[PDB]
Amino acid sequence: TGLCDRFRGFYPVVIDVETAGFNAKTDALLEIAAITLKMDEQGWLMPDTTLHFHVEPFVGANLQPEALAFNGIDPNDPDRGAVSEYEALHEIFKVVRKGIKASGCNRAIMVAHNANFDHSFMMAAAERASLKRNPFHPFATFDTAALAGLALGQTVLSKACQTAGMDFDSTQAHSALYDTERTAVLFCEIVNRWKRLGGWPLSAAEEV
């Protein structure tokens, strides 16, 4: 049916984040990717709009060396094409509000791998940027680590995609955009496979 019927009004948005640490309050946000979803007329789920940004560290932001050493990001590189947290989120929020309205959903829910990590950073940044009318649910998320745990028996993203028959280039694992895309395809695959096997809608199982 309609996307608005699938998750009780929740407009699922796949989000990934790269950072300069583990602490959403103190550490900088360096990258964020966003992929909205849409359902065709037969009720199949698929990626809709894709956004991605290199993000400037907020003034007073801490930068953990090990974080940089891990994700390989150097915030001081002038060729980053980085934008402010406000600019990135404002563009993502705009697209999301559009989708919510167009789809007849009541609000957005973040889809992410170990979602709380990405949720905490995005929400913190939005707060720093004084963003109004944050379309996202304040604490609800769709953790694909848990979903993949159920659907595929794997909780690590790369193994989940592999087990799902998807490609995964560890070469791009530190890229917010790449992770977001793989996670969007993964999530869509998990949901669609549920419908395919007659798990959805709930009346399908008996109508045979």
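Start at 1 with the first residue shown and count on from there. C-alpha atoms forming the largest set that superposes within 1.5 Å between two forms make up the rigid core.
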Once the rigid core is matched, which of the two stretches, 40-48 or 137-145, lies farther off on average in 6 other deposited structures of this protein by C-alpha?
40-48
114-122 against 72-80 - segment lying farther from this form in 6 other deposited structures of this protein (CA RMS, rigid core fit):
72-80
Please compare 37-45 with 139-147 and name the stretch with the higher mean C-alpha B-factor in the deposited structure.
37-45
With reference to the PDB entry, specify whether the mean Cα temperature factor is higher for 196-204 or for 14-22.
196-204
Out of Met110, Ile92, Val83, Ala102, which shows the largest CA B-factor listed in the entry?
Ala102
So, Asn134's CA B-factor, relative to its chain, sits in which third? The highest
Entry-reported C-alpha B-factor of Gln154 relative to its chain, by third, is lowest
Lowest, middle or highest third of the chain for the C-alpha temperature factor of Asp179?
middle
Ranked C-alpha temperature factor of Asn114 among modelled chain residues, by third
lowest
For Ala61, the third of its chain by CA B-factor is the middle
